[PDB]
Structure formats: C-alpha cells, structure tokens
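In: sequence isn't available, so here's the structure alone:
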Ligand SMILES: Nc1ncnc2c1ncn2[C@@H]1O[C@H](COP(=O)(O)OP(=O)(O)O)[C@@H](O)[C@H]1O
Ligand SMILES: [Mg+2]
C-alpha cells in the first residue's frame, strides 16, 4: 500500500546502519588486538635482550 | 496478512543481531586497548631497568 | 525575495521556490503539435500542447523532447517549455525572481551561453546562476565528500568530490541513460509480438519500464530461472485492454546499464566507470570515496540496483576497503532538493550573475569567475 | 552539517509511520463496514422495489388482458 512501504524503508535504514556499525566495530577490534599483540611481542623481545645484557 | 509479519520480524532480528555484535566487538576493543596501555606502561619501565643494567 | 530553483533535466522538468522540500510542479518536457487535420470548428484547438497537457492528448499529437542528451537541440521548444513553467505551473513573473538552472558536466559551451542569453533577454530575470547537476545531489545528501553517480534520463555522469574540492580530471560522462533503456525495452518487446512504434507509444513503454522492470542481482541465474519456471511473468494492462505478459524482458532492459554492449555501446557499465573514476583520483582519498558512493537521478530507482552495484564494486575493489552505497528514498528529486539548499544559503547570495554584469561582458560571462 | 539528518529523519521515522497507520485505521473503519452495510440496505430496498414492480405489472396485465 502506502504507509507499509515507508515503514519497511525505515526498518531497512535501521538494518543498514546497524550492520555497518557492527562491521566497523569488528574491524576496530581486529586492529586493536593486533596492536596489543605486537606490543606484547616487542615486550618479549625486550625481556630477552635484558636477559642477554644480564648474562 | 502473512508477508508483512515475517519480513518485519526478520528485519528487526537483523538489526538486533548487528547491534549486539557491535556491542561485543566494542567491549573487546576497550578491554584490548586498556591491556595495551598496561603493556606500554610496563615496557617503559622494562626499558629503564635495561638501561640501568647496561650502564 | 525568493529564488526560483528550476531544473531543466531531460524527461521531467522539476521546479519550485527555494527553501522547500519538494518541487512544486513536476511535468514531462514534451511539446507536441497536432498531426491530423481537424474538422470541428471553434473547438479552441491550440497549435502546441506542452508539459502535462500533451500527456493526455497524446493520442493525436507527435510528442518530441526538446533536450536530447543534456544538450538542447531545439531552442524554440525549450523557450516554450520555460515560458509554460514560469507562467502556468508557478504563476510567478520572472521579472522579480532569481533563477538557478542546472546543467550536466562536460556540455557544449554554446548551450550554456544561449541558456543565459535567453534567461536575460526574453524572460528578463534579475540574476541567474548555472550549477553542475552532481554537486547539488551531493548537497542533498548532507555530505561534503563522496563520488556521485547521477544517472538521469538523458545522460549518466559520475563526478567525484573530496572535502568540497571537485576533481575535474576524474569526471566520467556516459551517454547511456533512461531514454536508451526505453528504446531497448521497446525493441526487445517485439520478441513476444507487441509492436510499439508511434512516438506516443514510447510513453506506454516507459510506463511499462517504470512499473515492472527490476535489476537482477545475478544475471545468469535469473536468465536460467526465467527460462524454466514461470514465477517472473508479470502482466500489465495497456491503455485499452489486451493485457501483456513480460517474461525475462523484466531484468534484461535495465541490465543494459551494466553491459552497454547490449545496445551496441562500447563503453563499460555504470559498475565499472565508477571504479575507473575512483582510480583516477589520488591514492589517499580513495577510501573515503569508496565509503561514500552516492546514487542519484531517476534511473537509479530500479528495485535492486543498490545491491547489484555494491556487489560489482566489491568484486572490483580491494578486499580491505568498505564499500557503501548511499541510496536515499528521495532519489528522484535529490538534485532539486540540493538546489533548494544551495539557493537558500547566505554565503551563496553574492555568487549570482547580476544583470549589470551580463550587460558589461555579454553572455560569455558564465564561463568567467561567476561559474 | 550532518547534524540535521537526525532532526529531519528520526522525526518522520516514527511520527510518519504512526500517523499513516492511524489514517489507514480510520479510513478502513469509516469506509468498509459502512459501505457493506449501505449496500445491503440498498439491496433490501431493491428487492422491495422488485416486489412492487411485480405486483403492479401483474395487476395491470390482469386488467388490460382483452
Ligand atoms: N520509479 C522508477 N523506476 C524506474 N525508472 C524510473 C522511475 N522513475 C523514473 N524513471 C526513469 O527516469 C527518468 C526520469 O529521470 P529524471 O531524474 O527525471 O531525469 P532528469 O535528470 O532529466 O530529471 C524517466 O524517463 C524514467 O525512464
Ligand atoms: Mg537530473
């Protein structure tokens, strides 16, 4: 009819916005966790270098 | 009718799924970010003690 | 006073006062002289019915559009259309209102100069300004970046913009548009027995295209499905009865947009000229253009195009970038809404081409600083 | 910019839907039931007209038959 189509369009705009936000948040999590794990690896290498210096 | 109900329910389900997924991702992002901050703070002190050891 | 935001277009003239939400009067731009003899005396028969009046008497007229592909090929008819638009559809004399026409990119200069000369000499407006049809569609979306694909009825053009700085070397204008799709649909309908030839029946084929055709998500699968089942055959009632049944002509007519080889055009579809237009841009603004792809114009109203185009670009683009296609529900009038917004701005109020300036430099003023 | 999209979108996102639902409900209520009832009423009047026509036609044919 008439109002039904507009209501469906609203329900679809919510769909697109929610899905896009979810995808963007997932990409953010991937990037942040990669950052953290690379920092942890750098910390490990520093520990090993400290061990060599102690030797 | 029949089509309106199923389509509307499926679209609302899609919106809710995307929203909850985004919230979970953002929570993990915040936790990883704070842990990364902890890693930075500990790494600086590790570098300082390494520098003293080298001196 | 208020400004008149006219928008010539090619197929539908959209006009209205600046500052509203929708154009006040929207009517086809056709001027049709009668072709038969006429025997009743005193019936009050005019010599040319323009606008929406000639879509009701089209049975005995020979409608002919005055704008072929963006450019204007018949200046007398265009002047008649403008006169009708000002005096009968808006009823405001042009002597007391600025006007804001719109023009496709990469159009001949003489067209624009003649347009401004007409507006200043015949209608005698106080001041007029000509704007590119894509920047307005970008205004209406409320963005400031993004690459807009404005697939009108005359010509499809693809203007990329970043941070308000247009990139003149990356405009890809293609002359496939709604009219060629109407002609191709009229040509493939003959495969079932329905022959439309008269210039009046082109309107009927246009109505069929608007109401039935849709863009397929995957072309080969749809071609295979329509050739086995019969779940696609939708029927339609002509203006006199004798319903017709459209089979796989439904998604073959608008498929021409993505494969212009159907109507013999060499160039690549609207799915690949957008990617080429992006790749001509600098390497650092490609992510923003990928994320803010804007659709506008009438012909982008086919049901299911915002998914086919996204699938195609995602296939072409690198896997990491996010591809998003902005398809507002008010697509058809997006250019005019943007025109209203631009005319309502205070910062823009000193960019009009004032009449004294035209008197001093002639019609060639439009190419000068007042663009 | 991009801050009026909320104030021009979210408004009609709910108000327009609710108002159109209200319009459809009131129009259906006003239209369908009243039309069916009125058509039934006119049908009953039509049947009564048919009976009157039959009676008059028969009595006139009875008298005039000569
Ligand atoms: N709802 C629709 N579905 C499919 N095609 C449409 C629809 N509305 C308009 N069109 C096509 O778009 C054309 C109108 O485009 P428009 O945007 O008015 O062109 P212009 O840029 O000249 O104003 C029509 O000729 C028609 O073929
Ligand atoms: Mg246009």
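Out: On my side now, so go ahead. Numbering: from 1, shown residues only, chains lettered A, B, ... in the order given. Ligands and ions are numbered 1, 2, ... in the order given.

In: SS state for the spatially most central residue of chain D?
Out: When CA atoms, centre = their mean is applied to chain D, the residue found nearest the centroid is residue D:35 (2.7 Å). At residue D:35 the chain is in helix, as set by DSSP: H, G, I helix; E, B strand; the rest coil.

In: straight-line length of stretch C:55-64, end to end?
Out: 12 Å (CA to CA, to the nearest Å).

In: element containing residue C:266?
Out: Here residue C:266 sits in a region with no helix or strand, counting by DSSP states H and E.

In: which residues touch it?
Out: The contact partners of residue C:266, by CB atoms under 8 Å, 6 or more residues apart in numbering or on different chains, come to residue C:260. No exception for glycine: its C-beta is placed from N, CA and C like everyone else's.

In: list phi and psi for it.
Out: phi -80, psi -40 (degrees, to the nearest 10).

In: ok, residue C:222 next?
Out: Dihedral angles (degrees, to the nearest 10) for residue C:222: phi -70, psi -40.

In: what about the closest residue to it other than its chain neighbours, how many residues nearby?
Out: Nearest residue to residue C:222 in three dimensions, chain neighbours excluded: residue C:216, at 4.1 Å (CB to CB, 6 or more residues apart in numbering or on different chains). The local packing of residue C:216 (other CB atoms under 10 Å in any protein chain shown) involves 22 other residues.

In: the residue nearest to the centre of chain D and chain C, how far apart?
Out: As judged by CB to the nearest CB, to the nearest Å, residue D:35 and chain C stand 25 Å apart.

In: ok, that residue to residue A:36 distance?
Out: Distance of residue D:35 to residue A:36, computed by CB to CB, to the nearest Å: 69 Å.

In: same question, residue A:26
Out: 16 Å.

In: and the strands in the stretch 251-371 of chain C?
Out: With strands called from DSSP state E, counting those that start in this stretch, the stretch 251-371 of chain C shows them at C:293-296, C:325-326, C:353-354.

In: packing partners for the second one?
Out: If you count contacts as 3 or more CB pairs under 8 Å, 6 or more residues apart in numbering or on different chains; DSSP states H and E, strand C:325-326 packs onto strand C:293-296, helix C:305-316.

In: ok, now the last one?
Out: In terms of contact count using 3+ CB pairs under 8 Å, 6+ apart, strand C:353-354 is assigned the packing partners strand C:127-132.

In: next helix or strand past the strand it packs on?
Out: Assignment by DSSP H and E places the next element after strand C:127-132 at helix C:133-140.

In: thinking again about what came up before, pretty sure the residue nearest to residue C:222 is in a helix, no?
Out: No - Residue C:216: not assigned to a helix; according to three-state DSSP it is coil.

In: and it, what does it touch?
Out: C:222, C:251, C:255, C:304, C:308.

In: look at residue C:134 and say how many residues are nearby.
Out: 27.

In: can you tell me which residues contact it?
Out: Counted by CB under 8 Å, 6+ apart, residue C:134 has contacts C:105, C:148, C:150, C:157, C:158, C:159, C:161, C:296.

In: repeat for residue C:150
Out: Counting by CB under 8 Å, 6+ apart, the residues that residue C:150 touches are C:133, C:134, C:137, C:156, C:157, C:158, C:159, C:296, C:297, C:335.

In: pick out the residue of the stretch 151-300 of chain C closest to ligand 2.
Out: residue C:152 (3.7 Å; CB to the ion).

In: grab the nearest non-local neighbour of the closest residue to chain D within chain A.
Out: Taking CB to the nearest CB as the measure, chain A has residue A:3 as its residue closest to chain D, at 3.0 Å. In space, residue A:3 comes closest to residue D:20 once its chain neighbours are excluded; the distance is 3.0 Å by CB to CB, 6+ apart.
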